[PDB]
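**Student:** So that you have it, the file is run16.pdb, and it contains PDB, C-alpha atoms:
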```
ATOM      1  CA  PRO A   1     -25.483  -4.617   8.206  1.00  0.00           C
ATOM      2  CA  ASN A   2     -23.223  -1.767   7.105  1.00  0.00           C
ATOM      3  CA  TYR A   3     -19.446  -1.862   7.449  1.00  0.00           C
ATOM      4  CA  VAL A   4     -16.338   0.272   7.344  1.00  0.00           C
ATOM      5  CA  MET A   5     -13.666  -1.535   5.350  1.00  0.00           C
ATOM      6  CA  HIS A   6     -10.089  -0.762   6.373  1.00  0.00           C
ATOM      7  CA  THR A   7      -7.882  -1.115   3.290  1.00  0.00           C
ATOM      8  CA  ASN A   8      -4.156  -1.772   3.177  1.00  0.00           C
ATOM      9  CA  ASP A   9      -3.594   1.518   1.365  1.00  0.00           C
ATOM     10  CA  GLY A  10      -4.798   3.607   4.291  1.00  0.00           C
ATOM     11  CA  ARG A  11      -8.491   3.979   3.456  1.00  0.00           C
ATOM     12  CA  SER A  12     -11.769   3.597   5.348  1.00  0.00           C
ATOM     13  CA  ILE A  13     -14.629   2.741   3.008  1.00  0.00           C
ATOM     14  CA  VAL A  14     -18.216   2.772   4.280  1.00  0.00           C
ATOM     15  CA  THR A  15     -20.494   0.167   2.692  1.00  0.00           C
ATOM     16  CA  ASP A  16     -24.248  -0.129   2.190  1.00  0.00           C
ATOM     17  CA  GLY A  17     -25.129  -3.665   3.185  1.00  0.00           C
ATOM     18  CA  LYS A  18     -22.739  -6.587   3.551  1.00  0.00           C
ATOM     19  CA  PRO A  19     -20.126  -6.926   0.814  1.00  0.00           C
ATOM     20  CA  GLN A  20     -19.437 -10.259  -0.851  1.00  0.00           C
ATOM     21  CA  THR A  21     -17.208 -12.066  -3.297  1.00  0.00           C
ATOM     22  CA  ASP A  22     -18.160 -11.352  -6.899  1.00  0.00           C
ATOM     23  CA  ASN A  23     -19.293 -14.603  -8.567  1.00  0.00           C
ATOM     24  CA  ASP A  24     -17.510 -13.655 -11.809  1.00  0.00           C
ATOM     25  CA  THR A  25     -14.229 -12.026 -10.761  1.00  0.00           C
ATOM     26  CA  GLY A  26     -13.436 -13.284  -7.288  1.00  0.00           C
ATOM     27  CA  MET A  27     -13.056  -9.651  -6.229  1.00  0.00           C
ATOM     28  CA  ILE A  28     -14.931  -8.239  -3.269  1.00  0.00           C
ATOM     29  CA  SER A  29     -18.118  -6.562  -4.452  1.00  0.00           C
ATOM     30  CA  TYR A  30     -19.696  -3.809  -2.354  1.00  0.00           C
ATOM     31  CA  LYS A  31     -22.133  -0.883  -2.511  1.00  0.00           C
ATOM     32  CA  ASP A  32     -20.716   2.586  -1.787  1.00  0.00           C
ATOM     33  CA  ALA A  33     -22.344   5.377   0.217  1.00  0.00           C
ATOM     34  CA  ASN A  34     -24.209   6.299  -2.980  1.00  0.00           C
ATOM     35  CA  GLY A  35     -25.643   2.863  -3.689  1.00  0.00           C
ATOM     36  CA  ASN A  36     -23.235   2.215  -6.555  1.00  0.00           C
ATOM     37  CA  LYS A  37     -21.644  -1.213  -6.986  1.00  0.00           C
ATOM     38  CA  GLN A  38     -17.846  -1.330  -6.722  1.00  0.00           C
ATOM     39  CA  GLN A  39     -15.170  -4.030  -6.677  1.00  0.00           C
ATOM     40  CA  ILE A  40     -12.002  -4.194  -4.591  1.00  0.00           C
ATOM     41  CA  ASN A  41      -9.390  -6.952  -4.308  1.00  0.00           C
ATOM     42  CA  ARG A  42      -9.739  -8.919  -1.060  1.00  0.00           C
ATOM     43  CA  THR A  43      -5.956  -8.602  -0.719  1.00  0.00           C
ATOM     44  CA  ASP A  44      -6.400  -4.856  -0.235  1.00  0.00           C
ATOM     45  CA  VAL A  45      -8.963  -5.327   2.553  1.00  0.00           C
ATOM     46  CA  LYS A  46      -7.400  -5.776   5.983  1.00  0.00           C
ATOM     47  CA  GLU A  47     -10.668  -5.861   7.911  1.00  0.00           C
ATOM     48  CA  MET A  48     -14.322  -4.888   8.044  1.00  0.00           C
ATOM     49  CA  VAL A  49     -15.777  -3.276  11.161  1.00  0.00           C
ATOM     50  CA  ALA A  50     -19.505  -3.697  11.769  1.00  0.00           C
ATOM     51  CA  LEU A  51     -21.562  -0.514  12.053  1.00  0.00           C
ATOM     52  CA  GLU A  52     -24.540  -0.574  14.402  1.00  0.00           C
ATOM     53  CA  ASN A  53     -27.956  -0.217  12.765  1.00  0.00           C
ATOM     54  CA  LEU A  54     -29.027   3.287  13.796  1.00  0.00           C
ATOM     55  CA  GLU A  55     -31.762   3.446  11.137  1.00  0.00           C
TER      56      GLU A  55
END
```
Since I need it in another form, could you write the structure as C-alpha cells?

**Tutor:**
Amino acid sequence: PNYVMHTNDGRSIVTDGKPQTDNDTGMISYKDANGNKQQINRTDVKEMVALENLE
C-alpha cells in the first residue's frame, strides 16, 4: 500500500504504507523510505499515486 506523493513544490515522495491525517495536528503523517515518521501539510500534496505491491 505504498505511494508516491506529488507535492505542489515539485517533489515526489515515496511512502512506506498509507499516509493519514495526524490526530493531533491535522497534518498528513507518513513514513519515509527509511521508516521514519514525517508530517506534511495536505495543502502541499497535490496527489498520491498507488505503487503496486512487488514485495

**Student:** Using all atoms listed in the file, pick whichever of A:12, A:43, A:7, A:53 has the shortest atom-to-atom distance to residue 27 of chain A.

**Tutor:** A:43

**Student:** Just give me the residues with any atom within 7 Å of (-16.3, -5.5, 8.0), file coordinates, counting all atoms listed in the file, written as number ranges by chain.

**Tutor:** A: 3-5, 47-50

**Student:** Selection in question (the file shown): the PyMOL selection byres ((chain A and resi 40) around 8). Which residues does it include, as a PDB file with C-alpha atoms, in the coordinates of the input?

**Tutor:**
```pdb
ATOM      1  CA  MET A  27     -13.056  -9.651  -6.229  1.00  0.00           C
ATOM      2  CA  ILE A  28     -14.931  -8.239  -3.269  1.00  0.00           C
ATOM      3  CA  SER A  29     -18.118  -6.562  -4.452  1.00  0.00           C
ATOM      4  CA  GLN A  38     -17.846  -1.330  -6.722  1.00  0.00           C
ATOM      5  CA  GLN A  39     -15.170  -4.030  -6.677  1.00  0.00           C
ATOM      6  CA  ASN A  41      -9.390  -6.952  -4.308  1.00  0.00           C
ATOM      7  CA  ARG A  42      -9.739  -8.919  -1.060  1.00  0.00           C
ATOM      8  CA  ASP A  44      -6.400  -4.856  -0.235  1.00  0.00           C
ATOM      9  CA  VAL A  45      -8.963  -5.327   2.553  1.00  0.00           C
TER      10      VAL A  45
END
```

**Student:** Just how far from atom CA of residue 35 of chain A is atom CA of residue 16 of chain A, in Å to one decimal?

**Tutor:**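 Separation between atom CA of residue 16 of chain A and atom CA of residue 35 of chain A: 6.7 Å.
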
**Student:** By how many Å are atom CA of residue 54 of chain A and atom CA of residue 2 of chain A apart?

**Tutor:**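 Interatomic distance, atom CA of residue 54 of chain A to atom CA of residue 2 of chain A: 10.2 Å.
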
**Student:** Rounded to one decimal, what separation in Å do you get between atom CA of residue 1 of chain A and atom CA of residue 26 of chain A?

**Tutor:**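 Result for atom CA of residue 1 of chain A versus atom CA of residue 26 of chain A: 21.5 Å, one decimal.
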
**Student:** For the file shown, report as a list in words the outcome of the PyMOL selection byres ((chain A and resi 32) around 8) at residue level.

**Tutor:**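 Selected by the PyMOL selection byres ((chain A and resi 32) around 8) here: residues 13, 14, 15, 16, 30, 31, 33, 34, 35, 36, 37 and 38 of chain A.
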